[PDB]
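What follows is a single chain, given as structure tokens, in the form deposited in one PDB entry.
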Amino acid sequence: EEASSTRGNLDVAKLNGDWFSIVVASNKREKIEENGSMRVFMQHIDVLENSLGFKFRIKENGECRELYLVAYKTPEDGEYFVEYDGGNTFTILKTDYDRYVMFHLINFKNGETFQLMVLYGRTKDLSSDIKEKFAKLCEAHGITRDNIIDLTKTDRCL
């Protein structure tokens, strides 16, 4: 069930399909809050050649804009790169394939960096248990419980 890009046992092919944004967490809270560039509402993940496509929505000034970004696989185990509001490096932290997927991302922009962690579910919402396990990993990565945001209660541009 559980796999991981970092662990090196993942089967990225199975990540293909629709996903929804459930919980986002970042210590640089400004980014995941209203009008934050990282507060993205995922929709679908495409598995392409040496890369992943992400179709998602974002509320830019009270208007849900539809976007699509391609992330490329890099030579370092499990790392993907995507240019978005800086240079981003992310990995697939944990996944069971048909329920959830936890991504861990680091952002670089003008000398600064920040961590970002997201939980995606194949359903509009997920098990309270899944959300706890995720809440823990955030803490295990320096992100405080005050910076973990549950997007299921808000408008995910649906």
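We number the residues from 1 along the sequence you see.
S.K.: Between 122-130 and 43-51, name whichever shows the higher mean Cα B factor according to the PDB entry.
M.R.: Comparing 122-130 with 43-51, the higher mean C-alpha B-factor belongs to 122-130.
S.K.: Averaged over C-alpha atoms, is the B-factor higher for 85-93 or for 29-37 in this PDB entry?
M.R.: That would be 29-37.
S.K.: Taking the values straight from the PDB record, which of 99, 59, 104, 109 has the highest C-alpha temperature factor?
M.R.: Highest C-alpha B-factor among the listed options: 59.
S.K.: Using only modelled residues of the chain, where does the Cα B factor of residue 16 rank: lowest third, middle third or highest third?
M.R.: Within its chain, residue 16 is a lowest-third residue by C-alpha B-factor, going by the deposited values.
What comes next is about the form solved in complex with a small molecule, which does not appear here.
S.K.: For this chain shown on its own, do 25, 93 and 130 all sit within 4.5 Å of the small molecule in the deposited complex, going by heavy atoms?
M.R.: Not a single listed residue reaches the small molecule in the deposited complex, so no.
S.K.: I'd like to know if residue 97 sits close to the small molecule in the deposited complex, meaning any non-hydrogen atom pair within 4.5 angstroms.
M.R.: Flag for residue 97 set to no.
S.K.: Taking heavy atoms and a 4.5 Å cut-off, does residue 72 contact the small molecule in the deposited complex?
M.R.: Residue 72 lies outside the contact set for the small molecule.
S.K.: Is there a non-hydrogen atom of residue 32 within 4.5 angstroms of a non-hydrogen atom of the small molecule in the deposited complex?
M.R.: Taking the distances in the deposited complex, the answer for residue 32 is no, it never comes within 4.5 Å of the small molecule.
S.K.: Residue 126 near the small molecule in the deposited complex, any heavy atom under 4.5 Å?
M.R.: No, residue 126 is distant from the partner.
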